[PDB]
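Student: The following file, target22.pdb, comprises PDB, C-alpha atoms:
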```
MODEL        1
ATOM      1  CA  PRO A 101       0.000   0.000   0.000  1.00  0.00           C
ATOM      2  CA  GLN A 102       0.735   3.600  -0.748  1.00  0.00           C
ATOM      3  CA  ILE A 103      -1.545   5.579   1.623  1.00  0.00           C
ATOM      4  CA  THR A 104      -1.986   9.300   1.066  1.00  0.00           C
ATOM      5  CA  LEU A 105      -3.086  11.519   3.913  1.00  0.00           C
ATOM      6  CA  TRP A 106      -5.932  13.614   2.522  1.00  0.00           C
ATOM      7  CA  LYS A 107      -8.148  11.358   4.684  1.00  0.00           C
ATOM      8  CA  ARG A 108      -7.416   9.643   8.020  1.00  0.00           C
ATOM      9  CA  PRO A 109      -5.299   6.528   7.365  1.00  0.00           C
ATOM     10  CA  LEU A 110      -7.935   4.170   8.646  1.00  0.00           C
ATOM     11  CA  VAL A 111      -7.555   0.431   8.001  1.00  0.00           C
ATOM     12  CA  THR A 112      -9.268  -2.791   9.048  1.00  0.00           C
ATOM     13  CA  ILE A 113      -7.498  -4.903  11.668  1.00  0.00           C
ATOM     14  CA  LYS A 114      -8.344  -8.354  12.925  1.00  0.00           C
ATOM     15  CA  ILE A 115      -7.816  -9.270  16.556  1.00  0.00           C
ATOM     16  CA  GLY A 116      -9.458 -12.192  18.391  1.00  0.00           C
ATOM     17  CA  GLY A 117     -11.310 -13.173  15.224  1.00  0.00           C
ATOM     18  CA  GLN A 118     -13.013  -9.776  15.088  1.00  0.00           C
ATOM     19  CA  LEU A 119     -12.719  -6.999  12.508  1.00  0.00           C
ATOM     20  CA  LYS A 120     -12.127  -3.470  13.866  1.00  0.00           C
ATOM     21  CA  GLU A 121     -11.125  -0.105  12.305  1.00  0.00           C
ATOM     22  CA  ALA A 122      -7.851   1.471  13.422  1.00  0.00           C
ATOM     23  CA  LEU A 123      -5.681   4.502  12.646  1.00  0.00           C
ATOM     24  CA  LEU A 124      -2.126   4.097  11.411  1.00  0.00           C
ATOM     25  CA  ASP A 125      -0.259   6.555  13.625  1.00  0.00           C
ATOM     26  CA  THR A 126       3.428   7.349  13.090  1.00  0.00           C
ATOM     27  CA  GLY A 127       3.174   9.646  16.118  1.00  0.00           C
ATOM     28  CA  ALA A 128       2.323   6.724  18.470  1.00  0.00           C
ATOM     29  CA  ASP A 129       5.022   4.599  20.110  1.00  0.00           C
ATOM     30  CA  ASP A 130       2.518   1.885  20.969  1.00  0.00           C
ATOM     31  CA  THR A 131      -0.699   0.227  19.735  1.00  0.00           C
ATOM     32  CA  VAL A 132      -3.756   1.072  21.794  1.00  0.00           C
ATOM     33  CA  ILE A 133      -7.211  -0.467  21.312  1.00  0.00           C
ATOM     34  CA  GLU A 134     -10.626   0.294  22.878  1.00  0.00           C
ATOM     35  CA  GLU A 135     -11.875  -1.986  25.740  1.00  0.00           C
ATOM     36  CA  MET A 136     -12.121  -5.601  24.621  1.00  0.00           C
ATOM     37  CA  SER A 137     -11.239  -9.063  26.002  1.00  0.00           C
ATOM     38  CA  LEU A 138      -7.747 -10.403  25.265  1.00  0.00           C
ATOM     39  CA  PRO A 139      -6.169 -13.612  26.605  1.00  0.00           C
ATOM     40  CA  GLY A 140      -3.505 -14.033  29.210  1.00  0.00           C
ATOM     41  CA  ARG A 141      -2.100 -11.868  31.925  1.00  0.00           C
ATOM     42  CA  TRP A 142      -1.727  -8.150  31.710  1.00  0.00           C
ATOM     43  CA  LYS A 143       0.484  -5.516  33.277  1.00  0.00           C
ATOM     44  CA  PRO A 144      -0.268  -1.885  34.093  1.00  0.00           C
ATOM     45  CA  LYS A 145       0.913   0.979  31.899  1.00  0.00           C
ATOM     46  CA  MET A 146       0.405   4.719  31.746  1.00  0.00           C
ATOM     47  CA  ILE A 147       0.501   6.392  28.330  1.00  0.00           C
ATOM     48  CA  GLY A 148       0.325  10.055  27.538  1.00  0.00           C
ATOM     49  CA  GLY A 149      -0.622  12.154  24.584  1.00  0.00           C
ATOM     50  CA  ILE A 150      -2.167  15.477  23.717  1.00  0.00           C
ATOM     51  CA  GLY A 151      -4.704  15.784  26.515  1.00  0.00           C
ATOM     52  CA  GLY A 152      -2.805  14.080  29.300  1.00  0.00           C
ATOM     53  CA  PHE A 153      -2.464  10.496  30.460  1.00  0.00           C
ATOM     54  CA  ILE A 154      -4.575   7.370  30.611  1.00  0.00           C
ATOM     55  CA  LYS A 155      -4.238   3.996  32.320  1.00  0.00           C
ATOM     56  CA  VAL A 156      -4.174   0.983  30.034  1.00  0.00           C
ATOM     57  CA  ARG A 157      -3.723  -2.801  30.293  1.00  0.00           C
ATOM     58  CA  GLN A 158      -0.677  -4.230  28.482  1.00  0.00           C
ATOM     59  CA  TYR A 159      -1.106  -7.614  26.806  1.00  0.00           C
ATOM     60  CA  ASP A 160       1.935  -9.273  25.186  1.00  0.00           C
ATOM     61  CA  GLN A 161       2.261 -11.656  22.238  1.00  0.00           C
ATOM     62  CA  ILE A 162      -1.145 -10.812  20.724  1.00  0.00           C
ATOM     63  CA  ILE A 163      -1.800 -12.038  17.219  1.00  0.00           C
ATOM     64  CA  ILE A 164      -3.137  -9.232  15.075  1.00  0.00           C
ATOM     65  CA  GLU A 165      -3.658  -8.617  11.321  1.00  0.00           C
ATOM     66  CA  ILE A 166      -3.238  -5.082  10.017  1.00  0.00           C
ATOM     67  CA  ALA A 167      -4.650  -4.340   6.558  1.00  0.00           C
ATOM     68  CA  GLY A 168      -3.943  -7.980   5.780  1.00  0.00           C
ATOM     69  CA  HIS A 169      -0.425  -8.145   7.205  1.00  0.00           C
ATOM     70  CA  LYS A 170       0.156 -10.464  10.163  1.00  0.00           C
ATOM     71  CA  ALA A 171       1.883  -9.234  13.299  1.00  0.00           C
ATOM     72  CA  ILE A 172       2.507 -10.623  16.812  1.00  0.00           C
ATOM     73  CA  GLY A 173       3.199  -8.059  19.492  1.00  0.00           C
ATOM     74  CA  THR A 174       2.118  -5.918  22.391  1.00  0.00           C
ATOM     75  CA  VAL A 175      -1.341  -4.389  22.514  1.00  0.00           C
ATOM     76  CA  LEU A 176      -2.529  -1.857  25.070  1.00  0.00           C
ATOM     77  CA  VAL A 177      -6.197  -1.832  25.992  1.00  0.00           C
ATOM     78  CA  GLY A 178      -7.927   1.187  27.446  1.00  0.00           C
ATOM     79  CA  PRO A 179     -10.166   4.234  26.959  1.00  0.00           C
ATOM     80  CA  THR A 180      -8.593   5.557  23.787  1.00  0.00           C
ATOM     81  CA  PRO A 181     -10.892   7.677  21.550  1.00  0.00           C
ATOM     82  CA  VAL A 182      -9.776   5.656  18.507  1.00  0.00           C
ATOM     83  CA  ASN A 183      -7.968   2.374  17.937  1.00  0.00           C
ATOM     84  CA  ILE A 184      -4.349   3.282  17.152  1.00  0.00           C
ATOM     85  CA  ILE A 185      -1.667   1.207  15.376  1.00  0.00           C
ATOM     86  CA  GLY A 186       1.677   2.640  16.538  1.00  0.00           C
ATOM     87  CA  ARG A 187       5.290   2.138  15.603  1.00  0.00           C
ATOM     88  CA  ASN A 188       5.673  -1.138  17.472  1.00  0.00           C
ATOM     89  CA  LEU A 189       3.430  -2.803  14.879  1.00  0.00           C
ATOM     90  CA  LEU A 190       3.997  -0.447  11.915  1.00  0.00           C
ATOM     91  CA  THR A 191       7.620  -1.617  11.961  1.00  0.00           C
ATOM     92  CA  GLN A 192       6.439  -5.269  11.829  1.00  0.00           C
ATOM     93  CA  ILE A 193       4.390  -4.659   8.673  1.00  0.00           C
ATOM     94  CA  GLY A 194       7.308  -2.771   7.133  1.00  0.00           C
ATOM     95  CA  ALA A 195       5.704   0.660   6.998  1.00  0.00           C
ATOM     96  CA  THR A 196       7.686   3.765   6.113  1.00  0.00           C
ATOM     97  CA  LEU A 197       6.865   7.446   5.712  1.00  0.00           C
ATOM     98  CA  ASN A 198       8.004   8.835   2.324  1.00  0.00           C
ATOM     99  CA  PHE A 199       8.181  12.339   0.799  1.00  0.00           C
TER     100      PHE A 199
ATOM    101  CA  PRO B   1      13.252  10.794   1.894  1.00  0.00           C
ATOM    102  CA  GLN B   2      12.130   7.427   3.305  1.00  0.00           C
ATOM    103  CA  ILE B   3      11.786   7.528   7.060  1.00  0.00           C
ATOM    104  CA  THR B   4      11.707   4.200   8.921  1.00  0.00           C
ATOM    105  CA  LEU B   5       9.775   3.991  12.155  1.00  0.00           C
ATOM    106  CA  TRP B   6      12.230   2.190  14.384  1.00  0.00           C
ATOM    107  CA  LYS B   7      12.490   5.603  16.135  1.00  0.00           C
ATOM    108  CA  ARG B   8      10.116   8.566  16.396  1.00  0.00           C
ATOM    109  CA  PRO B   9       9.934  10.390  13.003  1.00  0.00           C
ATOM    110  CA  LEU B  10      11.245  13.712  14.245  1.00  0.00           C
ATOM    111  CA  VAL B  11      12.364  16.408  11.841  1.00  0.00           C
ATOM    112  CA  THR B  12      13.508  20.014  11.995  1.00  0.00           C
ATOM    113  CA  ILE B  13      10.975  22.665  11.058  1.00  0.00           C
ATOM    114  CA  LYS B  14      11.102  26.422  10.540  1.00  0.00           C
ATOM    115  CA  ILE B  15       8.022  28.399  11.647  1.00  0.00           C
ATOM    116  CA  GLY B  16       7.555  32.073  12.508  1.00  0.00           C
ATOM    117  CA  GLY B  17      11.348  32.544  12.108  1.00  0.00           C
ATOM    118  CA  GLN B  18      12.218  29.869  14.676  1.00  0.00           C
ATOM    119  CA  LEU B  19      13.761  26.400  14.342  1.00  0.00           C
ATOM    120  CA  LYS B  20      11.818  23.668  16.134  1.00  0.00           C
ATOM    121  CA  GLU B  21      11.770  19.870  16.332  1.00  0.00           C
ATOM    122  CA  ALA B  22       8.509  18.175  15.452  1.00  0.00           C
ATOM    123  CA  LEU B  23       6.937  14.760  15.045  1.00  0.00           C
ATOM    124  CA  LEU B  24       5.497  13.688  11.687  1.00  0.00           C
ATOM    125  CA  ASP B  25       2.127  12.317  12.842  1.00  0.00           C
ATOM    126  CA  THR B  26      -0.171  10.544  10.440  1.00  0.00           C
ATOM    127  CA  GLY B  27      -2.650  10.083  13.316  1.00  0.00           C
ATOM    128  CA  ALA B  28      -3.052  13.863  13.732  1.00  0.00           C
ATOM    129  CA  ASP B  29      -5.657  15.813  11.751  1.00  0.00           C
ATOM    130  CA  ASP B  30      -3.915  19.087  12.516  1.00  0.00           C
ATOM    131  CA  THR B  31      -0.518  20.655  13.127  1.00  0.00           C
ATOM    132  CA  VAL B  32      -0.053  21.620  16.802  1.00  0.00           C
ATOM    133  CA  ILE B  33       2.923  23.592  18.101  1.00  0.00           C
ATOM    134  CA  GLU B  34       4.009  24.499  21.623  1.00  0.00           C
ATOM    135  CA  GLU B  35       3.465  28.083  22.784  1.00  0.00           C
ATOM    136  CA  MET B  36       4.975  30.637  20.393  1.00  0.00           C
ATOM    137  CA  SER B  37       3.876  33.894  18.805  1.00  0.00           C
ATOM    138  CA  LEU B  38       2.431  33.881  15.300  1.00  0.00           C
ATOM    139  CA  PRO B  39       1.070  36.749  13.231  1.00  0.00           C
ATOM    140  CA  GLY B  40      -2.548  37.479  12.377  1.00  0.00           C
ATOM    141  CA  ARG B  41      -5.953  36.878  13.928  1.00  0.00           C
ATOM    142  CA  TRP B  42      -6.717  33.677  15.753  1.00  0.00           C
ATOM    143  CA  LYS B  43      -9.676  31.862  17.264  1.00  0.00           C
ATOM    144  CA  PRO B  44      -9.888  29.456  20.180  1.00  0.00           C
ATOM    145  CA  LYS B  45     -10.446  25.775  19.445  1.00  0.00           C
ATOM    146  CA  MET B  46     -10.718  22.542  21.416  1.00  0.00           C
ATOM    147  CA  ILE B  47      -8.814  19.568  20.019  1.00  0.00           C
ATOM    148  CA  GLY B  48      -8.894  16.050  21.419  1.00  0.00           C
ATOM    149  CA  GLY B  49      -6.311  13.330  21.560  1.00  0.00           C
ATOM    150  CA  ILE B  50      -5.591  10.235  23.606  1.00  0.00           C
ATOM    151  CA  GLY B  51      -6.017  11.797  27.110  1.00  0.00           C
ATOM    152  CA  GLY B  52      -8.808  14.291  26.475  1.00  0.00           C
ATOM    153  CA  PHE B  53      -8.927  17.827  25.070  1.00  0.00           C
ATOM    154  CA  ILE B  54      -6.792  20.920  25.144  1.00  0.00           C
ATOM    155  CA  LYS B  55      -7.618  24.494  24.198  1.00  0.00           C
ATOM    156  CA  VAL B  56      -5.496  26.022  21.420  1.00  0.00           C
ATOM    157  CA  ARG B  57      -5.255  29.161  19.292  1.00  0.00           C
ATOM    158  CA  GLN B  58      -5.934  28.573  15.572  1.00  0.00           C
ATOM    159  CA  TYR B  59      -3.908  30.709  13.083  1.00  0.00           C
ATOM    160  CA  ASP B  60      -4.523  30.566   9.361  1.00  0.00           C
ATOM    161  CA  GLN B  61      -2.289  30.680   6.316  1.00  0.00           C
ATOM    162  CA  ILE B  62       0.941  30.016   8.200  1.00  0.00           C
ATOM    163  CA  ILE B  63       4.018  28.897   6.248  1.00  0.00           C
ATOM    164  CA  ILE B  64       6.173  26.124   7.707  1.00  0.00           C
ATOM    165  CA  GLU B  65       9.335  24.680   6.237  1.00  0.00           C
ATOM    166  CA  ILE B  66       9.383  20.914   6.998  1.00  0.00           C
ATOM    167  CA  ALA B  67      12.683  19.098   6.664  1.00  0.00           C
ATOM    168  CA  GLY B  68      13.456  21.343   3.712  1.00  0.00           C
ATOM    169  CA  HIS B  69       9.961  21.410   2.222  1.00  0.00           C
ATOM    170  CA  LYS B  70       7.648  24.541   2.344  1.00  0.00           C
ATOM    171  CA  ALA B  71       3.942  24.211   2.973  1.00  0.00           C
ATOM    172  CA  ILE B  72       1.136  26.571   3.979  1.00  0.00           C
ATOM    173  CA  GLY B  73      -1.851  26.028   6.165  1.00  0.00           C
ATOM    174  CA  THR B  74      -3.519  26.237   9.569  1.00  0.00           C
ATOM    175  CA  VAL B  75      -1.421  25.893  12.695  1.00  0.00           C
ATOM    176  CA  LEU B  76      -2.718  25.383  16.218  1.00  0.00           C
ATOM    177  CA  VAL B  77      -0.722  26.749  19.162  1.00  0.00           C
ATOM    178  CA  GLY B  78      -1.170  25.441  22.663  1.00  0.00           C
ATOM    179  CA  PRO B  79      -0.017  23.178  25.496  1.00  0.00           C
ATOM    180  CA  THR B  80       0.836  20.125  23.425  1.00  0.00           C
ATOM    181  CA  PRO B  81       3.555  17.858  24.958  1.00  0.00           C
ATOM    182  CA  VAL B  82       5.233  17.530  21.542  1.00  0.00           C
ATOM    183  CA  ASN B  83       5.250  19.619  18.353  1.00  0.00           C
ATOM    184  CA  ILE B  84       3.332  17.685  15.739  1.00  0.00           C
ATOM    185  CA  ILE B  85       3.038  18.022  11.973  1.00  0.00           C
ATOM    186  CA  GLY B  86      -0.340  16.547  11.119  1.00  0.00           C
ATOM    187  CA  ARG B  87      -2.134  15.622   7.913  1.00  0.00           C
ATOM    188  CA  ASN B  88      -3.048  19.167   6.875  1.00  0.00           C
ATOM    189  CA  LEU B  89       0.634  19.879   6.125  1.00  0.00           C
ATOM    190  CA  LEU B  90       1.858  16.329   5.460  1.00  0.00           C
ATOM    191  CA  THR B  91      -0.299  16.241   2.335  1.00  0.00           C
ATOM    192  CA  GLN B  92       1.333  19.428   1.087  1.00  0.00           C
ATOM    193  CA  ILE B  93       4.849  17.967   1.209  1.00  0.00           C
ATOM    194  CA  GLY B  94       3.625  14.842  -0.581  1.00  0.00           C
ATOM    195  CA  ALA B  95       4.033  12.475   2.313  1.00  0.00           C
ATOM    196  CA  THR B  96       2.674   8.956   2.140  1.00  0.00           C
ATOM    197  CA  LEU B  97       2.640   5.835   4.286  1.00  0.00           C
ATOM    198  CA  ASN B  98       3.898   2.804   2.373  1.00  0.00           C
ATOM    199  CA  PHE B  99       4.048  -0.940   3.177  1.00  0.00           C
TER     200      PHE B  99
ATOM    201  CA  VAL C 301     -12.533  18.939  17.073  1.00  0.00           C
ATOM    202  CA  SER C 302     -10.084  17.679  15.146  1.00  0.00           C
ATOM    203  CA  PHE C 303      -8.321  14.826  16.938  1.00  0.00           C
ATOM    204  CA  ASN C 304      -4.578  14.527  17.274  1.00  0.00           C
ATOM    205  CA  UNK C 305      -2.919  11.272  18.420  1.00  0.00           C
ATOM    206  CA  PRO C 306       0.658  11.484  19.457  1.00  0.00           C
ATOM    207  CA  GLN C 307       1.324   8.950  22.182  1.00  0.00           C
ATOM    208  CA  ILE C 308       4.168   7.847  24.445  1.00  0.00           C
ATOM    209  CA  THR C 309       4.565   5.386  27.275  1.00  0.00           C
ATOM    210  CA  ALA C 310       4.702   6.216  30.917  1.00  0.00           C
ATOM    211  CA  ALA C 311       6.536   8.707  33.087  1.00  0.00           C
TER     212      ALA C 311
ENDMDL
END
```
Show how you would write the structure in this file as C-alpha coordinates.

Tutor:
Amino acid sequence: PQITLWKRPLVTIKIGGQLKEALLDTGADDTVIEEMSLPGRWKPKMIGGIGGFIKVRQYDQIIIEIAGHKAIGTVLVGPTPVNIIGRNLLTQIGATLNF
Amino acid sequence: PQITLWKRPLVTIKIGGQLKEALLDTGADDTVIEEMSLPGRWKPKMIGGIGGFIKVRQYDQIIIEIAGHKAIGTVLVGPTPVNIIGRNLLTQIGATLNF
Amino acid sequence: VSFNXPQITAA
(Lines of atoms letter the chains of each structure in order from A and count residues from 1; the text may use other names and numbers.)
(Lines give C-alpha, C1' and ligand atoms only; values in the text may rest on other atoms or scores of the structure.)
Protein backbone atom coordinates (compact mmCIF):
# COMPACT_ATOMS: atom_id res chain seq x y z
CA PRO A 1 0.00 0.00 0.00
CA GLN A 2 0.73 3.60 -0.75
CA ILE A 3 -1.54 5.58 1.62
CA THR A 4 -1.99 9.30 1.07
CA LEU A 5 -3.09 11.52 3.91
CA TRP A 6 -5.93 13.61 2.52
CA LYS A 7 -8.15 11.36 4.68
CA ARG A 8 -7.42 9.64 8.02
CA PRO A 9 -5.30 6.53 7.37
CA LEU A 10 -7.93 4.17 8.65
CA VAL A 11 -7.55 0.43 8.00
CA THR A 12 -9.27 -2.79 9.05
CA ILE A 13 -7.50 -4.90 11.67
CA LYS A 14 -8.34 -8.35 12.93
CA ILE A 15 -7.82 -9.27 16.56
CA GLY A 16 -9.46 -12.19 18.39
CA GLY A 17 -11.31 -13.17 15.22
CA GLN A 18 -13.01 -9.78 15.09
CA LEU A 19 -12.72 -7.00 12.51
CA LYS A 20 -12.13 -3.47 13.87
CA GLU A 21 -11.13 -0.10 12.31
CA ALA A 22 -7.85 1.47 13.42
CA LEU A 23 -5.68 4.50 12.65
CA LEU A 24 -2.13 4.10 11.41
CA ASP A 25 -0.26 6.55 13.63
CA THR A 26 3.43 7.35 13.09
CA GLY A 27 3.17 9.65 16.12
CA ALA A 28 2.32 6.72 18.47
CA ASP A 29 5.02 4.60 20.11
CA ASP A 30 2.52 1.88 20.97
CA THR A 31 -0.70 0.23 19.73
CA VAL A 32 -3.76 1.07 21.79
CA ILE A 33 -7.21 -0.47 21.31
CA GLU A 34 -10.63 0.29 22.88
CA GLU A 35 -11.88 -1.99 25.74
CA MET A 36 -12.12 -5.60 24.62
CA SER A 37 -11.24 -9.06 26.00
CA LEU A 38 -7.75 -10.40 25.26
CA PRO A 39 -6.17 -13.61 26.60
CA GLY A 40 -3.51 -14.03 29.21
CA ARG A 41 -2.10 -11.87 31.92
CA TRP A 42 -1.73 -8.15 31.71
CA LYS A 43 0.48 -5.52 33.28
CA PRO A 44 -0.27 -1.89 34.09
CA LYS A 45 0.91 0.98 31.90
CA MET A 46 0.41 4.72 31.75
CA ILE A 47 0.50 6.39 28.33
CA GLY A 48 0.32 10.05 27.54
CA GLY A 49 -0.62 12.15 24.58
CA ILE A 50 -2.17 15.48 23.72
CA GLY A 51 -4.70 15.78 26.51
CA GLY A 52 -2.81 14.08 29.30
CA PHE A 53 -2.46 10.50 30.46
CA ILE A 54 -4.58 7.37 30.61
CA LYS A 55 -4.24 4.00 32.32
CA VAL A 56 -4.17 0.98 30.03
CA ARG A 57 -3.72 -2.80 30.29
CA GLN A 58 -0.68 -4.23 28.48
CA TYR A 59 -1.11 -7.61 26.81
CA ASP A 60 1.93 -9.27 25.19
CA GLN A 61 2.26 -11.66 22.24
CA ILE A 62 -1.15 -10.81 20.72
CA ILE A 63 -1.80 -12.04 17.22
CA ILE A 64 -3.14 -9.23 15.07
CA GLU A 65 -3.66 -8.62 11.32
CA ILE A 66 -3.24 -5.08 10.02
CA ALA A 67 -4.65 -4.34 6.56
CA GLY A 68 -3.94 -7.98 5.78
CA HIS A 69 -0.42 -8.14 7.20
CA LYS A 70 0.16 -10.46 10.16
CA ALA A 71 1.88 -9.23 13.30
CA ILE A 72 2.51 -10.62 16.81
CA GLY A 73 3.20 -8.06 19.49
CA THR A 74 2.12 -5.92 22.39
CA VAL A 75 -1.34 -4.39 22.51
CA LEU A 76 -2.53 -1.86 25.07
CA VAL A 77 -6.20 -1.83 25.99
CA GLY A 78 -7.93 1.19 27.45
CA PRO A 79 -10.17 4.23 26.96
CA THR A 80 -8.59 5.56 23.79
CA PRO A 81 -10.89 7.68 21.55
CA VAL A 82 -9.78 5.66 18.51
CA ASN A 83 -7.97 2.37 17.94
CA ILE A 84 -4.35 3.28 17.15
CA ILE A 85 -1.67 1.21 15.38
CA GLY A 86 1.68 2.64 16.54
CA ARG A 87 5.29 2.14 15.60
CA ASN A 88 5.67 -1.14 17.47
CA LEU A 89 3.43 -2.80 14.88
CA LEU A 90 4.00 -0.45 11.91
CA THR A 91 7.62 -1.62 11.96
CA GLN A 92 6.44 -5.27 11.83
CA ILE A 93 4.39 -4.66 8.67
CA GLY A 94 7.31 -2.77 7.13
CA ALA A 95 5.70 0.66 7.00
CA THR A 96 7.69 3.77 6.11
CA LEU A 97 6.86 7.45 5.71
CA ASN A 98 8.00 8.83 2.32
CA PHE A 99 8.18 12.34 0.80
CA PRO B 1 13.25 10.79 1.89
CA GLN B 2 12.13 7.43 3.30
CA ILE B 3 11.79 7.53 7.06
CA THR B 4 11.71 4.20 8.92
CA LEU B 5 9.78 3.99 12.15
CA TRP B 6 12.23 2.19 14.38
CA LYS B 7 12.49 5.60 16.13
CA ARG B 8 10.12 8.57 16.40
CA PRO B 9 9.93 10.39 13.00
CA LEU B 10 11.25 13.71 14.25
CA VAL B 11 12.36 16.41 11.84
CA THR B 12 13.51 20.01 12.00
CA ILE B 13 10.98 22.67 11.06
CA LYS B 14 11.10 26.42 10.54
CA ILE B 15 8.02 28.40 11.65
CA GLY B 16 7.55 32.07 12.51
CA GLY B 17 11.35 32.54 12.11
CA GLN B 18 12.22 29.87 14.68
CA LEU B 19 13.76 26.40 14.34
CA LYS B 20 11.82 23.67 16.13
CA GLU B 21 11.77 19.87 16.33
CA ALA B 22 8.51 18.18 15.45
CA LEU B 23 6.94 14.76 15.04
CA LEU B 24 5.50 13.69 11.69
CA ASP B 25 2.13 12.32 12.84
CA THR B 26 -0.17 10.54 10.44
CA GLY B 27 -2.65 10.08 13.32
CA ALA B 28 -3.05 13.86 13.73
CA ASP B 29 -5.66 15.81 11.75
CA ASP B 30 -3.92 19.09 12.52
CA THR B 31 -0.52 20.65 13.13
CA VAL B 32 -0.05 21.62 16.80
CA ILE B 33 2.92 23.59 18.10
CA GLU B 34 4.01 24.50 21.62
CA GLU B 35 3.47 28.08 22.78
CA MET B 36 4.98 30.64 20.39
CA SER B 37 3.88 33.89 18.80
CA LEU B 38 2.43 33.88 15.30
CA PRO B 39 1.07 36.75 13.23
CA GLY B 40 -2.55 37.48 12.38
CA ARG B 41 -5.95 36.88 13.93
CA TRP B 42 -6.72 33.68 15.75
CA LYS B 43 -9.68 31.86 17.26
CA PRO B 44 -9.89 29.46 20.18
CA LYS B 45 -10.45 25.77 19.44
CA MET B 46 -10.72 22.54 21.42
CA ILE B 47 -8.81 19.57 20.02
CA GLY B 48 -8.89 16.05 21.42
CA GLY B 49 -6.31 13.33 21.56
CA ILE B 50 -5.59 10.24 23.61
CA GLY B 51 -6.02 11.80 27.11
CA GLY B 52 -8.81 14.29 26.48
CA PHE B 53 -8.93 17.83 25.07
CA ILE B 54 -6.79 20.92 25.14
CA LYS B 55 -7.62 24.49 24.20
CA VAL B 56 -5.50 26.02 21.42
CA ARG B 57 -5.25 29.16 19.29
CA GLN B 58 -5.93 28.57 15.57
CA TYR B 59 -3.91 30.71 13.08
CA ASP B 60 -4.52 30.57 9.36
CA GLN B 61 -2.29 30.68 6.32
CA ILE B 62 0.94 30.02 8.20
CA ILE B 63 4.02 28.90 6.25
CA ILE B 64 6.17 26.12 7.71
CA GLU B 65 9.34 24.68 6.24
CA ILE B 66 9.38 20.91 7.00
CA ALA B 67 12.68 19.10 6.66
CA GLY B 68 13.46 21.34 3.71
CA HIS B 69 9.96 21.41 2.22
CA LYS B 70 7.65 24.54 2.34
CA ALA B 71 3.94 24.21 2.97
CA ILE B 72 1.14 26.57 3.98
CA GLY B 73 -1.85 26.03 6.17
CA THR B 74 -3.52 26.24 9.57
CA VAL B 75 -1.42 25.89 12.69
CA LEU B 76 -2.72 25.38 16.22
CA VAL B 77 -0.72 26.75 19.16
CA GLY B 78 -1.17 25.44 22.66
CA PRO B 79 -0.02 23.18 25.50
CA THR B 80 0.84 20.12 23.43
CA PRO B 81 3.55 17.86 24.96
CA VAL B 82 5.23 17.53 21.54
CA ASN B 83 5.25 19.62 18.35
CA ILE B 84 3.33 17.68 15.74
CA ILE B 85 3.04 18.02 11.97
CA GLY B 86 -0.34 16.55 11.12
CA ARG B 87 -2.13 15.62 7.91
CA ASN B 88 -3.05 19.17 6.87
CA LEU B 89 0.63 19.88 6.13
CA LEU B 90 1.86 16.33 5.46
CA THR B 91 -0.30 16.24 2.34
CA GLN B 92 1.33 19.43 1.09
CA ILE B 93 4.85 17.97 1.21
CA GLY B 94 3.63 14.84 -0.58
CA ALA B 95 4.03 12.48 2.31
CA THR B 96 2.67 8.96 2.14
CA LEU B 97 2.64 5.84 4.29
CA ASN B 98 3.90 2.80 2.37
CA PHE B 99 4.05 -0.94 3.18
CA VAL C 1 -12.53 18.94 17.07
CA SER C 2 -10.08 17.68 15.15
CA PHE C 3 -8.32 14.83 16.94
CA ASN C 4 -4.58 14.53 17.27
CA UNK C 5 -2.92 11.27 18.42
CA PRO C 6 0.66 11.48 19.46
CA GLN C 7 1.32 8.95 22.18
CA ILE C 8 4.17 7.85 24.45
CA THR C 9 4.57 5.39 27.28
CA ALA C 10 4.70 6.22 30.92
CA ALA C 11 6.54 8.71 33.09

Student: How close does each residue of chain C get to chain A, giving the shortest atom pair and distance in Å to one decimal for every residue with an atom at most 6 Å away, counting only C-alpha atoms, sorted by chain and residue number, as a Markdown table?

Tutor:
```
| residue | atom | partner | partner_atom | distance |
| --- | --- | --- | --- | --- |
| C:306 | CA | A:127 | CA | 4.6 |
| C:307 | CA | A:128 | CA | 4.4 |
| C:308 | CA | A:148 | CA | 5.4 |
| C:309 | CA | A:147 | CA | 4.3 |
| C:310 | CA | A:146 | CA | 4.6 |
```

Student: Rounded to one decimal, what separation in Å do you get between atom CA of residue 158 of chain A and atom CA of residue 120 of chain A?

Tutor: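 We find that atom CA of residue 158 of chain A and atom CA of residue 120 of chain A lie 18.6 Å from each other.
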
Student: For chain A, which of B:15, B:63, B:22, B:38 is the closest residue, counting all atoms listed in the file?

Tutor: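 That would be B:22, the residue with the smallest distance to chain A.
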
Student: So what do you get for atom CA of residue 70 of chain B versus atom CA of residue 10 of chain B, distance-wise?

Tutor: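 Answer for the atom CA of residue 70 of chain B to atom CA of residue 10 of chain B separation: 16.5 Å.
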
Student: Which residue, A:124, A:119, A:171, A:111, has the smallest gap to chain B when you use all atoms listed in the file?

Tutor: A:124

Student: Tell me, in Å to one decimal, how far atom CA of residue 104 of chain A is from atom CA of residue 89 of chain B.

Tutor: 12.0 Å

Student: With distances taken over all atoms listed in the file, which residue among A:196, A:188, A:112, A:137 lies nearest chain B?

Tutor: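 Answer, going by the shortest atom-to-atom distance: A:196.
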
Student: The PyMOL selection byres ((chain B and resi 62) around 9) on the file shown: which residues, as a PyMOL selection string?

Tutor: chain B and resi 15-16+38-39+59-61+63-64+71-75

Student: Measuring between all atoms listed in the file, which one of A:105, A:113, A:156, A:133 shows the shortest distance to chain B?

Tutor: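 Using all atoms listed in the file, chain B sits closest to A:105.
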
Student: Starting from the PyMOL selection byres ((chain B and resi 35) around 8), expand the selection into actual residues of this file and give them as a ChimeraX atom specification.

Tutor: /B:33-34,36-37,77-79
